[PDB]
Structure formats: C-alpha cells, structure tokens
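A quick note on method: Cβ atoms are made from the backbone with ideal geometry, for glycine too, and the neighbour counts reach across all protein chains shown. Read-outs throughout are calculated quantities, based only on the coordinates presented, and are distinct from any laboratory measurement.
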Amino acid sequence: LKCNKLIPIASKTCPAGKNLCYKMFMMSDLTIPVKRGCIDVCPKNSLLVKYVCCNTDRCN
C-alpha cells in the first residue's frame, strides 16, 4: 500500500499489511497536509503532525 502524496495523481504500493492511505496534517495548520502516504494505524502524532487515514490503495 503506497497511495497519493499532496497532489491528486500519485503512487501505488509500499511494504507490509499497512492498509490506511495516510493524510499527515500539520498539528499547527491542518487543512493542506505535510504528506499523504501509507500506514497500518494513523501513528503517534508528534508536535508537527495530526494524521488522517482511509483503508485502500489511493483512498487519500
């Protein structure tokens, strides 16, 4: 599972059973994300992130 980055037309498949197409939003300004990629569960969000996510190839 890889999915799309900030742009609508992006990538296809990255490692393991990480189903969620992440939407890595900035903790300080959410709306337009930092990155858009691949993950199992929306991760442990640090001072610079608040991750959004959806279960299949290119769903973000």
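Please enumerate the residues belonging to segment 1-17 that are surrounded by fewer than 16 Cβ atoms within 10 Å (Cβ to Cβ), closer than 13 Å to residue 56 by Cα and basic (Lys, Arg).
Once the filter is applied, which keeps residues that are surrounded by fewer than 16 Cβ atoms within 10 Å (Cβ to Cβ), closer than 13 Å to residue 56 by Cα and basic (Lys, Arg), segment 1-17 yields only 12.
Would you confirm, using the coordinates I've provided, whether residue 56 is in contact (Cβ under 8 Å) with a residue 12 or more places away in the chain, surrounded by fewer than 16 Cβ atoms within 10 Å (Cβ to Cβ) and of a type in the set (S, T, N, Q)?
yes
Those residues that are β-branched (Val, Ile, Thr) and either assigned to a loop (DSSP other than H, G, I, E, B) or in contact (Cβ under 8 Å) with a residue 60 or more places away in the chain (or both), I need them from segment 31-53; list them, please.
Residues satisfying the conditions are 31, 32, 34, 41, 49.
Take the residues of segment 31-47 that are exposed (fewer than 12 other Cβ atoms within 10 Å of the Cβ) and of a type in the set (A, V, I, L, M, F, W, C): which is farthest from residue 14 (Cα to Cα)?
Per the stated criteria, the residue is 47.
Of all residues being assigned to a loop (DSSP other than H, G, I, E, B) and surrounded by 21 or more Cβ atoms within 10 Å (Cβ to Cβ) in segment 20-30, which is farthest from the chain's Cα centre (by Cα)? Just the residue, please.
Residue satisfying both the conditions and the ranking: 21.
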